[PDB]
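One structure is given below, represented as structure tokens, and several questions about it will come after.
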Amino acid sequence: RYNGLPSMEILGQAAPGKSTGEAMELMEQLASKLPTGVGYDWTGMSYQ
Amino acid sequence: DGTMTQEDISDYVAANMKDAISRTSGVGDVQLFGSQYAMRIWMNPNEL
């Protein structure tokens with residue numbers, strides 16, 4: 001559970017010669033095409 | 001749209017909105033103007 005709601009932690013990283021910033025943007029894009037009632041958030045290192 | 005009644009609106013606020021708002025930066029206390037749903041067993045003295 002994350003911030004009181006059911007969640008599933010997904011780790012990962014950007015490919016070589018790619019920024020963390022631009023890797024995260026893609027994850028966000030993909031995450032908007034997911035089924036209804038499903039959101040996301042950034043935690044740990046991605047939050048800061 | 002007039003699908004959710006006063007009861008339904010109060011539940012969704014208590015279930016989905018209240019807890020996250022109460023843990024938000026600067027929010028000291030959150031007074032719910034309504035009540036969260038509960039399993040109401042409305043008993044009958046004649047049938048008992």
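Derivation of every value follows stated rules applied to the coordinates shown; laboratory data play no part. No Cβ is skipped: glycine too gets one built from the backbone with ideal geometry, and neighbour counts run over all protein chains shown.
Pull out all pairs, ordered by first then second residue, where Cβ-Cβ is under 8 Å, the residues are six or more apart or on different chains, the first lies in region A:1-25 and is more than 14 Å from every other protein chain (Cβ to nearest Cβ), and the second is of a type in the set (F, W, Y) and in a helix (DSSP H, G or I).
Here the result reads none, with nothing in region A:1-25 linked to a residue that is of a type in the set (F, W, Y) and in a helix (DSSP H, G or I).
Report, by residue number, each residue of region A:20-48 that is in a loop (DSSP other than H, G, I, E, B) and out of contact with any helix residue (DSSP H, G or I) (no Cβ under 9 Å at 6 or more places or on another chain). Outline the logic, then answer.
Initially, region A:20-48 is screened for residues in a loop (DSSP other than H, G, I, E, B), giving A:33-48.
Answer for region A:20-48, where residues must be in a loop (DSSP other than H, G, I, E, B) and out of contact with any helix residue (DSSP H, G or I) (no Cβ under 9 Å at 6 or more places or on another chain): A:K33, A:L34, A:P35, A:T36, A:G37, A:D41, A:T43, A:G44, A:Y47, A:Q48.
Sticking with this one: I need a count of the residues in chain B that are within 14 Å of another protein chain (Cβ to nearest Cβ), part of a loop (DSSP other than H, G, I, E, B) and without any contact (Cβ under 8 Å) to a residue 24 or more places away in the chain. Talk me through it step by step, then tell me what you get.
Start the filter on chain B by keeping residues that are within 14 Å of another protein chain (Cβ to nearest Cβ), which leaves B:12, B:14-25, B:27, B:30, B:36.
Subset that is part of a loop (DSSP other than H, G, I, E, B): B:23-25, B:27, B:30, B:36.
If we keep only those that are without any contact (Cβ under 8 Å) to a residue 24 or more places away in the chain as well, we get B:23-25, B:27, B:30.
Final tally of qualifying residues: 5.
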